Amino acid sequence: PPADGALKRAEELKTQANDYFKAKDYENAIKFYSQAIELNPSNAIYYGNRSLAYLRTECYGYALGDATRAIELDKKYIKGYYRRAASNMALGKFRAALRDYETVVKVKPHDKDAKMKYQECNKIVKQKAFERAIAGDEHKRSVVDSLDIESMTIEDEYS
């Protein structure tokens, strides 16, 4: 389950796919990670790989799907968390991504790598709140400048 035969042929197709991947032929790499998945539908690495192949051809919905599956299959396959983080950044969901970089930083406490990624990301989350504030600042200046104070009137009636 699969027979040792589906397991061995799935491992060949995966290699075939890798070749195609390293040679920039994504269409074929995706085609072959898929066959390997048909035969060994529970191998997290295949999904991790195909997810990346999907990130390289800008298919962010597919990559996210493949990334979540990898994590459903092996809760402790780190790259699944990197593939999902990458898919969510591409989809613009930066805080969802930060959640995954955090997870990795927690299990690889001294991996300078994890730290770097999570930093880049927390940064991008803060620059977003930044660009938004400025725009709100820029807009306020324009409203205030356009305020019709001149047409306002003093109470010209007894008091």
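In case it trips you up, residue 1 is the first one in the sequence shown, and so on.
Checklist entry - 116-124 versus 31-39: which one carries the higher mean Cα B factor per the record? => result 116-124 has the higher mean C-alpha B-factor.
Checklist entry - Taking the recorded C-alpha temperature factors, which stretch has the higher mean, 68-76 or 82-90? => result Mean B over CA atoms: larger for 68-76.
Checklist entry - Out of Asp111, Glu131, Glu58, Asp100, which residue has the highest Cα temperature factor in the PDB record? => result When the deposited C-alpha B-factors of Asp111, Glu131, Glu58, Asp100 are compared, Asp111 is largest.
Next on the checklist: Please place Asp148 in the lowest, middle or highest third of its chain according to the CA B-factor in the PDB entry.
Outcome noted: CA B-factor rank for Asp148: highest third.
Item to check | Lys14, C-alpha B-factor rank within chain (lowest, middle or highest third) | outcome: Middle third.
Checklist entry - Compared with the other modelled residues in the chain, in which third is the CA B-factor of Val107? => result Highest third.
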